[PDB]
A.B. asks: 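Below you'll find the structure I mean.
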Amino acid sequence: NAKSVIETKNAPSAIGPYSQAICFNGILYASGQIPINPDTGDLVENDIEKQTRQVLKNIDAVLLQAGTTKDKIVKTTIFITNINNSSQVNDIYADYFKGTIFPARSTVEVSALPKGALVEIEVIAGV
Amino acid sequence: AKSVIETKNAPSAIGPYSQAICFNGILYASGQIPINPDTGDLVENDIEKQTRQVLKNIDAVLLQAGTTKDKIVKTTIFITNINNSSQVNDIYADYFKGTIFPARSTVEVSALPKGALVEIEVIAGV
Amino acid sequence: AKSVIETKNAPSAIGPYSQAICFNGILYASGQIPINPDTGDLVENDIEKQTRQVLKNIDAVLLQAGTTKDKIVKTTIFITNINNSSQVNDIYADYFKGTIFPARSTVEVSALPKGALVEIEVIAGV
Ligand SMILES: [Ca+2]
Ligand SMILES: [Ca+2]
Ligand SMILES: [Ca+2]
């Protein structure tokens, strides 16, 4: 249960002094994921739907490397640069979480995100 | 395993989220905005009225989970106007009077769901 | 079971909040802004001085709680200018040298308490 690191080449390499996720006392604390394609290191196109899809795939990669799944996510925070993009984010986020007990959640409009991203999603999960 | 909290005394979750999730003895509440649960609409565009509603909604979630506000360990206050901090704080202080005050973070954001002026997220012991 | 952390070497908790709460083996720290506890006033608008003051304040909380920065699992960095990310990162990296870096999220918010450039919230094992 002591603090352990999660590292996978299937999620973006850390672009700063942080770990992709930390497991501790049965909780996986994921870094906020932005819409970087892990294979190229580039932000995907300036399109909220494509970016939401990329973020959720990056989160999934972190969960898999930790040996857990999206069904175990307890709580998320959505940081978006335009509150009017909430519905398009929700429409895809729901697809990802369909059939699970939906996590608790907060959504707020931020003024800017790393690399000019439109959305960043942070999750905590059970291990 | 995680378990859901659902009560008609708190605003219906529209987006693909649960009002709160309990896991390993901790209640993770969704951020509450100043919705009247009976209508789904925000209350008046007044920071004091909205803060009061948020806290009522939080109370309803805690009660359904079988816990209380004195078990809250940490909150985050998201407000659209940092100049409203004093008014939010005084109502928040009255809500927590007589308890060990939670840890807290406060930030100003440029917008909130439904055009709310305030959104408060809490974590509690169950 | 929840317990308060209080130290005169972090900014006085004016009003309804605790500097940090410990519960079930986790330290939930309040977000720290660059108030100098020696003066009670905010540090000048130099992102490096403010980031160092924030980390000094976090250090004081960890010390009083009987834990260390090696046990931090997650931080959130709220900044008023995303262009300050690099300067914050370099200081934050020196701070965490020799530890497994925490999980993290960094976002630019519309404003912070007292007009601060940076607020950092941490979660740690006790
Ligand atoms: Ca859909
Ligand atoms: Ca200790
Ligand atoms: Ca900016």
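Because only heavy atoms are used, hydrogens play no part in the values below, and waters and symmetry mates are left out as well, while side chains stay in. Counting convention: from 1, in listed order, for ligands and their atoms alike. Here is the naming used below: chain letters follow the sequence lines, and residue numbers restart at 1 for every chain.
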A.B. asks: Check the Ca ion (ligand 1) and write out every protein N, O or S atom at under 3.0 Å, as residue and atom.
C.D. replies: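 Those protein N, O or S atoms (cut-off: under 3.0 Å from the Ca ion (ligand 1)) are A:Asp91 O, A:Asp91 OD1, A:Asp95 OD1.
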A.B. asks: Quick check on the Ca ion (ligand 2): does C:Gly66 put an N/O/S atom closer than 3.0 Å to it?
C.D. replies: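 True for C:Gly66.
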A.B. asks: Check this for me, if you would: do A:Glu122 and C:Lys74 make a salt bridge, where the nitrogen-to-carboxylate-oxygen distance has to be below 4.0 angstrom?
C.D. replies: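 Looking at C:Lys74 together with A:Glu122, the answer is yes, because their closest N to O distance falls below 4.0 Å.
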A.B. asks: Consider only side-chain N and O atoms of C:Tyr17 and B:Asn89, and report whether a donor and an acceptor are under 3.5 Å apart.
C.D. replies: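 No, B:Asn89 and C:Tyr17 have no side-chain donor paired with an acceptor closer than 3.5 Å.
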A.B. asks: For the residue pair C:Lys69 and C:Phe96, would you count it as a cation-pi contact if the rule is NZ or CZ under 6.0 angstrom from the ring centre and within 45 degrees of the ring axis?
C.D. replies: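 Verdict for C:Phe96: no cation-pi partner in C:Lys69.
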A.B. asks: Taking only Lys NZ, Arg NE, NH1 and NH2, and the carboxylate oxygens of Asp or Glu, determine whether B:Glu6 and B:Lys8 approach each other closer than 4.0 Å.
C.D. replies: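 So B:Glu6 pairs with B:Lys8 through a salt bridge.
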A.B. asks: Between the side chains of C:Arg52 and C:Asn57, is a donor N or O closer than 3.5 angstrom to an acceptor N or O?
C.D. replies: no
A.B. asks: Kindly confirm or rule out a cation-pi arrangement of B:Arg104 over C:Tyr28, judged by NZ or CZ under 6.0 Å from the six-membered ring centre and within 45° of its axis?
C.D. replies: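 Because its charged atom misses either the 6.0 Å distance or the 45° angle limit, B:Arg104 does not stack over C:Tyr28.
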A.B. asks: Does A:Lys3 use its side chain to pair, donor to acceptor, with the backbone of C:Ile72 at less than 3.5 Å?
C.D. replies: yes
A.B. asks: If I take every N, O or S atom of C:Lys71, is at least one of them less than 3.0 Å from the Ca ion (ligand 2)?
C.D. replies: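 Looking at C:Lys71, which is the residue asked about, there is no N, O or S atom under 3.0 Å from the Ca ion (ligand 2).
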